[PDB]
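An overview of the molecular structure
The residues making up each chain are set out below.
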Amino acid sequence: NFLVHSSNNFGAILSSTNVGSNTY
Amino acid sequence: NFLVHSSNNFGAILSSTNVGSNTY
Amino acid sequence: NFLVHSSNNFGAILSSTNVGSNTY
Amino acid sequence: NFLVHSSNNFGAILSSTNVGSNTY
Amino acid sequence: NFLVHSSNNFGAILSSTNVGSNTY
Amino acid sequence: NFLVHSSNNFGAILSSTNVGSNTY
Amino acid sequence: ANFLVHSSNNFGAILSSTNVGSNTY
Amino acid sequence: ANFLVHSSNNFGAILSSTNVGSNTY
Amino acid sequence: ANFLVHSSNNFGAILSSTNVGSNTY
Amino acid sequence: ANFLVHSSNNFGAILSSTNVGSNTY
Amino acid sequence: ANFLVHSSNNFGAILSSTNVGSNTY
Amino acid sequence: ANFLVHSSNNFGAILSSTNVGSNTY
Amino acid sequence: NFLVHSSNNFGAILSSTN
Amino acid sequence: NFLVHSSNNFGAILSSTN
Amino acid sequence: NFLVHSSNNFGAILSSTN
Amino acid sequence: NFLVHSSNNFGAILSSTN
Amino acid sequence: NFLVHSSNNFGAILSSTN
Amino acid sequence: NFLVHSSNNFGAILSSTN
């Protein structure tokens with residue numbers, strides 16, 4: 001069992017995450 | 001069992017995620 | 001069993017996701 | 001069992017995460 | 001069982017995390 | 001069982017974390 | 001008497017599961 | 001009497017699970 | 001009498017689980 | 001009588017679990 | 001009588017767990 | 001009578017656990 | 001004698017007699 | 001004798017008699 | 001004799017008799 | 001004789017009789 | 001004789017009789 | 001004879017009779 005994983009990133013990455021703002 | 005995974009990214013990536021704003 | 005997965009991206013990617021805004 | 005994991009990043013990465021702002 | 005993990009970063013990384021601001 | 005872990009960082013890293021600001 | 005009112009009343013159990021991601025580039 | 005009112009009343013159990021991420025670049 | 005009121009009343013159990021991350025670059 | 005009021009009343013048990021991180025660069 | 005009031009009243013048990021980190025560079 | 005009031009009243013048990021760190025560079 | 005009188009009710013009025 | 005009189009109720013009024 | 005009189009209620013009024 | 005009289009209530013009023 | 005009289009209540013008023 | 005009279009209450013008033 002030979003397994004290879006490769007991940008190469010050369011690009012700018014901008015991520016925004018918002019969770020919430022719920023009124024109960 | 002020989003398995004190869006390759007992921008190459010050269011492009012700018014912008015992601016926005018919003019979860020919420022629910023009134024109960 | 002020889003398995004190869006390749007994913008190459010050279011293009012700008014913009015993604016917006018909104019989940020919510022439900023009134024109960 | 002031979003397993004290889006490689007992760008190479010050459011791109012600027014900006015991440016913002018906000019969790020909260022819930023009124024009970 | 002031969003396992004190799006490699007993680008190489010050459011890019012500036014800025015991360016902001018905010019958790020809270022909940023009114024009870 | 002031969003296990004190798006390598007982590008090499010050559011990039012500036014700025015991290016900000018805020019937890020709190022909850023009113024009870 | 002001028003009333004501008006927005007009102008919500010919930011009496012039922014609510015379950016919500018959300019998954020966002022799992023994209024390979 | 002001028003009333004501008006926003007009111008929410010919840011009496012039901014609420015469960016929420018959110019997962020964001022798991023992206024490979 | 002001019003009332004500007006924002007009111008929230010919760011009487012129900014609430015469970016919330018959030019996971020953000022697990023990205024490989 | 002001019003009232004500007006923001007009021008919140010909670011009578012229910014609340015559980016919250018948050019995980020942020022686990023990113024490999 | 002001009003009232004500007006922000007009021008919060010909590011009568012319920014609250015549990016909170018937060019984890020931030022575990023990033024490999 | 002002009003009242004500017006910020007008031008908080010808590011009657012419930014509160015548990016909080018926070019972990020920040022565990023990053024390898 | 002049970003009686004409930006409500007005017008301009010936007011909230012929740014719950015009355016239980018057992 | 002049980003009686004509930006409410007005017008302009010935007011909140012929650014709960015009355016229980018056992 | 002049980003009686004509840006409420007005016008302009010935006011909060012929560014709970015009355016329990018056992 | 002149980003009686004509750006409330007005016008302009010934005011908070012929480014709890015009355016329990018056992 | 002139990003009586004509760006409240007005006008402009010923004011806090012929490014708790015009355016328990018046993 | 002139990003009586004509670006409150007005006008402009010922003011705090012917590014607790015009265016217990018046993």
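Description of the structure in this document.

The rules behind each value
- Residues numbered from 1 in each chain as written, not as in the entry; some residues may be left out.
- Chains lettered and ligands numbered in written order.
- Heavy atoms only, no water.
- Contact = heavy atoms within 4.5 Å.
- Buried area = accessible area lost by both parts, 1.4 Å probe.
- Salt bridge = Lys/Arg side-chain N within 4 Å of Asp/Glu carboxyl O.
- Polar contact = N/O pair within 3.5 Å; in protein donor to acceptor, adjacent residues only side chain to side chain.
- Patch = residues over 30% accessible without salt bridge, like charges linked within 9 Å, V, L, I, M, F, W, Y side chains within 5 Å.
- Areas by Shrake-Rupley, 256 points an atom, 1.4 Å probe, with all protein chains shown as cover.
- Helix = DSSP H or I, 4+ residues; strand = E, 2+ residues; numbered from the N terminus.
- Buried < 20%, exposed > 50% of the residue type's maximum accessible area, 1.4 Å probe, protein only.
- Nonpolar A, V, L, I, M, F, W, Y, C, P; charged D, E, K, R; others polar.
- Pairing = 2+ DSSP bridges.
- Core = buried A, V, L, I, M, F, W, Y, C linked by side-chain atoms within 4.5 Å.

Before going further, it helps to spend a moment on the interface of chain C and chain B. Contacts between chain C and chain B engage 24 residues on the former and 24 residues on the latter. Buried area between chain C and chain B, summed over both chains or domains, comes out near 1,800 Å², and the portion from carbon and sulfur atoms is 43%. Scanning the region where chain C abuts chain B turns up zero salt bridges. The interface formed by chain C and chain B holds 27 residue pairs in polar contact in total.

On to the arrangement of the chains. Separating chain A from chain L is a minimum C-alpha gap of 18 Å, and the two share no contact. At their nearest point, the C-alpha atoms of chain J and chain L are still 9 Å apart, with no contact between the two.

Side chains of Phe10 of chain A, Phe10 of chain B, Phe10 of chain C, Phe10 of chain D, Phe10 of chain E together with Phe10 of chain F sit close together on the surface and give an oily, nonpolar patch of about 690 Å² of accessible area. Turning to its location among the elements, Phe10 of chain F is positioned in the loop between β1 (2-9) and β2 (13-20). For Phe10 of chain F, a relative accessible area of 60% corresponds to the exposed category.

Time to look at the interface of chain K and chain J. One frequent convention defines the size of an interface as the accessible area lost when the parts assemble. At the junction of the two partners, chain K supplies 25 residues and chain J supplies 25 residues. Both sides together, the interface formed by chain K and chain J hides about 1,900 Å², and carbon and sulfur atoms give 43% of it. Inspection of the chain K/chain J interface yields zero salt bridges. Inspection of the chain K/chain J interface yields 26 residue pairs in polar contact. Looking at the side of chain K that touches chain J, the elements that each hand over two or more residues are β1 (2-10) and β2 (14-21) of chain K. With nine residues, β1 of chain K is the largest single contributor of residues to the side of chain K that touches chain J. Among the residues making up the side of chain K that touches chain J, the classes are represented as 10 nonpolar, 15 polar and no charged. The sheet contact formed by strand β1 (residues 2-10) of chain J and β1 of chain K spans nine bridges and is parallel. Within β1 of chain K, the position partnered with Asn2 of chain J by the bridge is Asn2 of chain K.

Counting 14 residues, the largest nonpolar core has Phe10 of chain O, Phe10 of chain P together with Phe10 of chain Q as its most contacted members. Those elements that provide at least two residues to this core are β1 (2-10) of chain H, β1 (2-10) of chain I, β1 of chain J together with β1 of chain K. When sequence neighbours within four positions are dropped, the list of residues in contact with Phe10 of chain Q reads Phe3 and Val5 of chain J, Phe3, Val5, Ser7 and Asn9 of chain K, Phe10 and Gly11 of chain P together with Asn9 and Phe10 of chain R. Within the second largest apolar cluster, 11 residues are counted, among which are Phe11 of chain I, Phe11 of chain J, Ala12 of chain M together with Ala12 of chain O.

The next subject is the environment of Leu4 of chain G. One can find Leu4 of chain G in strand β1 (residues 2-10). The class of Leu4 of chain G is exposed, set by a relative accessible area of 53%. Once the C-alpha coordinates of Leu4 of chain G and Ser16 of chain G are considered, the two residues, 12 residues apart in sequence, prove to be 31 Å apart. Filtering out sequence-adjacent residues up to four positions away, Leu4 of chain G remains in contact with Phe3, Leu4 and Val5 of chain H.

The values are spatial; any link to function lies outside them.
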